[PDB]
Structure formats: structure tokens, C-alpha cells
Amino acid sequence: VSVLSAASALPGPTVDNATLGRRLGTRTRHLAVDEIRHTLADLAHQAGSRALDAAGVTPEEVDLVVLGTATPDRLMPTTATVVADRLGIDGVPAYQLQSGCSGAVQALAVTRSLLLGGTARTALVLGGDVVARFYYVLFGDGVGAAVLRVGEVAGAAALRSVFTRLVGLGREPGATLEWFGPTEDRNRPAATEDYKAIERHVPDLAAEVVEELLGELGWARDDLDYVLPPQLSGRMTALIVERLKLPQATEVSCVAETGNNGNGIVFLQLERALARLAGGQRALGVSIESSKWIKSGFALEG
Amino acid sequence: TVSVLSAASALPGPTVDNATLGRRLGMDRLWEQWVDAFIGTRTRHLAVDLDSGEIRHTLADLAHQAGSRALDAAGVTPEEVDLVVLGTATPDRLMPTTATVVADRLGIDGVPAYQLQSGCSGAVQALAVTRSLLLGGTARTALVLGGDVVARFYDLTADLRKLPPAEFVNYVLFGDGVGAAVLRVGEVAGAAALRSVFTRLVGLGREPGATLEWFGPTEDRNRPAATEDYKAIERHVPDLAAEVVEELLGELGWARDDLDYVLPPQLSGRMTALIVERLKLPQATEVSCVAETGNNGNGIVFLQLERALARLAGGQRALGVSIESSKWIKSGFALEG
């Protein structure tokens with residue numbers, strides 16, 4: 001399976017820390033509020049269009065849509081079906097996964113599976129989040145997308161491996177995010193995080209993903225060109241890269257400019273990696289979801 | 001091939017009949033007779049205690065029960081499960097997912113755990129995704145779950161006594177519940193082979209048939225939380241269901257006369273009859289539950305699987321069909337004993 005393109009859609013202008021401090025290691029972010037001006041669906045439509053244009057694929061050529069989010073516009077209809085309609089994609093399966101930040105890698109894993117097994121040949125994969133209903137310096141809003149096709153396509157990036165794995169048994173959640181019904185009491189934390197557990201466990205789990213990807217591929221550590229690490233903040237990113245022991249690999253990060261946009265991150269990384277990945281160059285991507293300790297990763301070869 | 005080893009369900013609390021529900025809501029006998037005429041759903045299960053309106057069951061509680069039941073029924077331990085996939089419209093929280101929470105409760109760990117968000121066709125989506133992952137990789141055994149709990153969207157303590165019955169007809173249609181199934185790669189003697197399964201969005205340019213909102217912690221909740229187009233559902237669901245039957249029968253080479261069971265969409269007692277009429281499968285025995293359980297969304301397919309698996313003998317054939325009106329998704333699957 002090849003990755004033909006990846007693109008992103010970020011709402012509005014960059015909002016630096018000065019500006020955010022006034023209105024009230026991550027320097028800027030994009031927000032979907034100026035009033036809410038961009039919905040998940042609007043951004044997924046933009047990202048999907050950009051990805052399809054970059055790949056030279058028309059909407060009619062799409063055989064499958066898979067979208068990962070923690071924050072869909074509504075519970076139903078899904079964002080996946082709504083964005084497929086906006087794009088002119090129809091008569092195809094359209095799946096939506098619910099998760100935190102590894103939902104992007106889950107979407108890539110599901111899609112890889114369905115392309116290799118199936119009648120589908122070309123897929124549009126999306127991931128993103130808009131957390132405007134929950135709002136401060138860590139987060140951002142954003143969606144990204146990628147076009148995948150069966151085969152090795154010259155000039156593209158081969159998706160050499162992908163996996164996800166829950167390693168949460170008996171562990172308390174590391175993050176929570178609630179939704180409310182139309183009449184119930186809402187005076188409780190809508191979102192929670194265990195920073196102590198995240199700081200200790202994310203870098204260890206990121207290292208285990210790297211060791212697994214490398215060992216299954218038979219790839220050597222010093223032969224890796226790029227690493228696309230977890231993107232929680234500038235500080236956490238620096239801490240994880242030191243733990244990964246990939247001194248030869250160039251880091252592909254965005255959180256310091258974009259904020260943590262959850263399921264969008266992997267796609268923004270893919271876009272930035274594909275803008276650098278030459279023929280034969282190798283890349284690892286790692287996504288660790290703290291909600292219930294999901295480790296995930298993938299491997300690309302130019 | 002992938003085989004369905006077992007299926008099981010978990011329905012919260014007591015069976016709640018229409019007269020009990022009427023007493024609660026302050027309705028009269030004429031109202032009960034209208035429900036019988038137009039709806040035909042006789043009983044349902046609710047995740048709330050009817051008298052107090054207090055929530056007694058969560059989606060995760062129910063999924064734990066249903067999953068435990070399905071694993072026992074298949075003779076599979078939690079440590080032997082290699083994949084979990086859950087379909088719902090109503091997860092307990094946005095994160096963590098119900099899939100991961102229920103995996104914890106069951107003792108399942110070290111596996112991919114996927115959660116699909118959809119209306120009623122999420123169950124068949126979960127079957128499709130699971131089939132592909134079992135066939136494509138090292139995983140051999142999967143637990144697949146689907147269900148819904150809509151207690152956040154109803155209030156049995158509200159004053160409905162003056163309203164036209166059409167205005168609160170949802171109260172007689174829905175039910176809360178979860179089901180589960182255990183799937184294994186390959187042909188398994190005494191199991192049911194999942195011979196085909198598919199899902200397909202056909203809603204391009206069409207208005208949603210149903211909508212369901214969720215709210216943030218501070219936002220104004222004035223907008224309608226749920227909408228439905230009951231006329232559009234009546235117009236399209238029977239025809240879309242017939243189209244799914246036609247496609248399944250053609251792709252397998254099965255004749256209508258040799259079909260043993262049909263598991264049709266479960267929207268209400270009277271709608272089921274209309275749909276079965278449109279399917280034109282006079283030799284097939286219907287496997288329905290909606291008149292007893294209410295429409296529990298993603299749970300429906302698994303409740304039907306539980307019932308059909310108790311009846312499906314070697315060589316016997318069944319088709320399931322799920323049509324999701326949210327954005328017009330058709331889906332179905334074929335079983336052979």
C-alpha cells in the first residue's frame with residue numbers, strides 16, 4: 001500500500017502566546033474560534049480536497065473513506081458520511097473511528113487492511129479534532145487527510161507496516177473527555193489528564209513502538225532518515241526524542257506551531273514527511289494515546 | 001472464511017411493557033391502543049429505573065456483560081482474544097473509548113481495540129472491519145460488540161401528558177442494550193460461516209433521515225438534540241433493504257426459495273412487517289426482536305445473531321440487513337451453518 005499524498009487544514013491565523021495571554025514549549029496554535037468559524041466537517045472537507053488534488057485522484061475514484069476523531073460534529077450522521085457527501089464521494093463504505101490521538105493510526109491500519117483484502121483500491125483517510133466546545137495553551141484545532149492506494153506507486157511512500165495495541169489493563173485512564181446530553185448537570189471536569197502518568201509512560205511506550213517497528217522490518221536504527229514522534233508539547237517532544245535513541249534521524253514535528261490537534265497530528269506529520277521523503281529513505285511514526293494507553297506506529301519507505 | 005462462534009446480549013433491567021410505560025408517563029388506554037396500531041412495539045428495556053428516572057446501567061456495564069456472555073458461550077477466555085471492535089452511537093465518554101474500557105473489564109489486553117461511531121449499521125461495519133482484520137493478519141479470535149444507551153436523551157420524569165402522541169413517539173420506539181459476538185478466522189465446525197458482509201453509503205445529496213447531537217460543558221443547549229424524518233424512513237428503508245437482499249443473494253448464488261432465515265431491520269413492530277413484505281422472501285423465517293427490546297440501535301444485529309445462531313443448523317442459510325437512516329447507509333451479511 002502506498003501513501004500518494006497527505007494534506008492538512010488549519011482554521012484561521014496562527015495565535016501566538018502573547019495574543020492568547022492578552023485575550024485571557026508551544027509557541028502558536030490554530031483555533032476554530034475567531035465565535036466558532038470552522039467545524040470539523042468544514043476542515044475535513046478542505047483537507048480531503050487538498051489530499052485528493054495532490055494525489056491526482058478524483059472523488060469518483062475513491063473506493064473507501066475512513067475518518068478518525070474524538071470530536072465529531074454530531075453523534076449522527078457521522079462526519080465521515082457528511083464529508084464524503086461534501087466531496088462528492090458516494091456508493092462506498094464510509095467508516096468513522098472514535099478515539100484520541102492514535103485514532104489516526106487506527107484509521108491507517110483499518111484502511112491498509114481493507115485495501116489489501118478487498119475490493120477497494122484507493123482510499124481517503126482523515127483525522128482531526130476541533131475542541132471549541134471545551135474552551136488552554138496545549139491544544140489546537142485541525143484536520144489532515146491522506147490518499148492511500150494498493151501497489152507500490154513510483155514517487156509515493158510505501159506503508160511498510162502499521163499497528164495499534166491497547167496496553168491498558170488495570171491502568172487508570174490517562175485522559176478523559178466527556179460529552180453531555182441536552183438536560184443533564186454539567187458541573188464536572190469535562191476533560192482530565194494525568195500529567196504524571198503521561199510524562200513517565202509516554203516516552204517508554206514510544207521507545208517500545210520504535211523497537212517493534214524496527215525489529216519486524218529488520219531495519220537498523222542508524223539507517224532511519226526521519227522520525228515522526230508523539231506531539232503533546234514542545235517539551236514532551238524533546239523528552240521523547242532523547243528516549244528514542246535515533247541520533248541519525250531528523251525529527252518531523254508540528255506541535256510547537258499548531259498546538260496538539262489530536263487525531264490531526266499524524267496527518268500533519270505525514271504531510272511534512274512526504275515533503276522531505278526521497279526514494280529509499282525510511283521514516284517511523286509513533287502515536288501514544290494516554291486515554292487508555294494505546295501504543296501505535298507505522299513505517300514509510302520512499 | 002471467518003466463523004461466528006457465539007453471540008449474546010445484555011438488556012438492562014426489567015422488561016417494560018406499554019401499559020407500565022403509560023402509567024409512568026400518565027397516558028391512557030386510548031394511547032396504548034394507538035401505540036399498538038401505529039408502532040407495534042410491545043416491550044423494551046431501559047437503562048433507567050422507570051419510577052425514579054435514575055440511570056442504573058451504563059453502555060460499558062452492558063458491554064461487559066454481553067462480552068462475558070459471548071466469550072463463555074464460545075468457550076473462549078479473555079486471554080485468547082486478539083482483537084476487539086465495538087460499534088455505538090452513544091459511547092460513555094468521548095475518551096477513553098468504551099472499547100478500551102470494556103477490554104479492561106473483561107481482562108483483554110495487548111490487542112488492537114477499535115471503536116466505530118455510527119447509527120445502527122455500526123454493527124455490520126464492525127463485522128466487516130473485523131473480518132478484514134482476521135483474514136489479513138496474525139489475529140485469530142475477535143470480540144465484536146455493538147449497542148446503545150440513550151438515557152441522556154430521554155426523561156421519563158417530564159410532563160408529556162398534554163402532547164400529541166406523535167411528538168414523543170420516540171419514547172415507545174427506543175430501547176437500551178448491548179450485544180456481542182465472537183469471530184474466529186477460518187471455517188469452524190458447528191459455527192456459522194460469515195459468507196459475505198458489506199456496507200455502503202448511498203446518501204449523496206440527501207437530507208439525513210435521523211440526527212443526534214452531543215453538547216459541550218458550557219454551550220447553550222437550545223437546539224433540537226435529535227431529529228427524525230419518519231416519512232423518509234418509511235419511503236426508503238423497505239426499498240434499500242430489498243436492494244441489500246438482492247445483492248447478497250446474487251453475489252452468493254443463493255436462491256430465495258432456499259433461504260432459511262432473514263434478520264431484517266428492527267425499527268418497530270409495524271415497520272418490520274412492511275419491510276418483510278418488500279423483501280419477498282416468503283420461504284424465510286423472520287428473526288426479529290424489536291417488539292420485545294425496542295430499537296437499541298447498534299445492539300440490534302447482535303440480538304438477532306444470538307437468536308439466529310440458536311436456530312441455524314448445518315447447511316442452513318440466513319441473511320441480515322441493516323439500513324441506517326442517518327445518512328442512508330445500506331449494509332448486510334450472509335451466514336451459513
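First the proteins, then the strands, lettered A, B, ... as listed; each starts at 1. Keep in mind that the numbers below use all heavy atoms, side chains included, and drop hydrogens, waters and symmetry copies.
A donor-acceptor pair under 3.5 Å is formed between the side chain of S331(B) and the backbone N or O of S322(B). Looking at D129(A), its side chain does come within 3.5 Å of a backbone N or O of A70(A) through a donor-acceptor pair. Using modelled atom types, one side-chain atom of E61(A) and one backbone atom of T58(A) make a donor-acceptor pair closer than 3.5 Å. Side-chain N or O atoms of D63(A) include none that pairs as donor or acceptor with a backbone N or O of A123(A) at under 3.5 Å. Using modelled atom types, no side-chain atom of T100(B) and backbone atom of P96(B) make a donor-acceptor pair closer than 3.5 Å. Using modelled atom types, one side-chain atom of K327(B) and one backbone atom of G203(B) make a donor-acceptor pair closer than 3.5 Å. One N or O on the side chain of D61(B) and one on the backbone of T58(B) form a donor-acceptor pair closer than 3.5 Å. Looking at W214(B), its side chain does come within 3.5 Å of a backbone N or O of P72(A) through a donor-acceptor pair. Here the side chain of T88(B) pairs a donor or acceptor atom with the backbone of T90(B) at under 3.5 angstrom. One N or O on the side chain of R272(A) and one on the backbone of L268(A) form a donor-acceptor pair closer than 3.5 Å.
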Hey, mind stepping through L145(B) and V85(B) against side-chain contact (heavy atoms from CB on, under 4.5 Å) and telling me if it holds?
CA-CA 6 Å; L145(B) 304 218; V85(B) 180; over 6 Å; no

Please lay out, stage by stage, how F298(A) and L300(A) fare under the test side-chain contact (heavy atoms from CB on, under 4.5 Å).
CA-CA 7 Å; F298(A) 57 92; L300(A) 301 173; 4.1 Å; yes

Check the pair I265(A) / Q231(A) against side-chain contact (heavy atoms from CB on, under 4.5 Å), numbers first and verdict last.
CA-CA 7 Å; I265(A) 290 294; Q231(A) 301 294 116; 3.3 Å; yes

Would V105(A) and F163(A) satisfy side-chain contact (heavy atoms from CB on, under 4.5 Å), going step by step from the backbone distance to the final call?
CA-CA 7 Å; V105(A) 184; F163(A) 76 100; over 6 Å; no

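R317(B) is not listed as a side-chain neighbour of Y261(B), based on a closest heavy-atom distance of 4.5 Å or more. Proximity of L71(B) to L143(B): side-chain heavy atoms (C-beta onward) are separated by under 4.5 Å at one or more points. A 4.5 Å side-chain heavy-atom check between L148(A) and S2(A) finds every atom pair outside the cut-off. In this structure the side chain of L116(B) reaches within 4.5 angstrom of the side chain of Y95(A), judged on heavy atoms. You'll find the side chain of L201(B) reaches within 4.5 Å of the side chain of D90(A), heavy atoms only. Residues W219(A) and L213(A) fail the side-chain proximity criterion, which asks for heavy atoms closer than 4.5 Å. Two residues are said to be in side-chain contact when any heavy atoms from C-beta on lie closer than 4.5 Å; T164(A) and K295(A) fail this criterion. For the pair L249(B)/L319(B), a side-chain contact is recorded, criterion being any heavy-atom separation below 4.5 Å from C-beta on.
For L309(B) against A192(B), the heavy-atom pair with the smallest separation is CD2-CB, 3.4 Å. When every heavy atom of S118(B) is checked against every heavy atom of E324(B), the shortest pair comes out as OG-OE1, 2.8 Å. Closest non-hydrogen pair, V252(A) versus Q269(A), comes out as O-NE2, 3.0 Å. Shown here for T78(A) and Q117(B), the closest heavy-atom pair between the two residues is CG2-O, 3.3 Å. Among all heavy-atom pairs drawn from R69(B) and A8(B), the shortest one is CB-CB, 3.6 Å. In plain terms, the two heavy atoms of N298(B) and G87(B) that are nearest each other are CB-O, 3.3 Å.
Atom CD1 in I288(A) sits 8.0 Å away from atom SG in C101(A) (nearest 0.5 Å). Going from atom CG of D176(B) over to atom CG of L59(B) covers 9.0 Å, rounded to the nearest 0.5 Å. Taken from CG in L135(B) to CG in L116(A), the straight-line distance is 12.0 Å, to the nearest 0.5 Å. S161(A) contributes atom OG, which lies 11.0 Å from atom CG of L108(A) (distance to the nearest 0.5 angstrom). Rounding to the nearest 0.5 Å gives a distance of 10.0 Å between CG of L305(B) and OG of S6(B). Considering CE of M95(B) and CD of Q115(B), their distance stands at 11.0 Å, rounded to 0.5 Å.
Counted by atom type alone, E271(A) and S8(A) present one or more donor-acceptor pairs between their side chains at under 3.5 Å. Between the side chains of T122(A) and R149(A), at least one donor-acceptor pair of N or O atoms lies under 3.5 Å.
In this structure, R200(B) pairs ionically with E247(B), as a charged nitrogen and a carboxylate oxygen lie closer than 4.0 Å. With respect to the salt-bridge test (charged N to carboxylate O, under 4.0 angstrom), the residues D260(B) and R311(B) do not qualify. Remark: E187(B) engages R195(B) in a salt bridge, criterion side-chain N to carboxylate O under 4.0 Å.
With sequence neighbours excluded, the residues forming a side chain to side chain donor-acceptor pair (under 3.5 Å) with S132(B) are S113(A), listed by chain and number.
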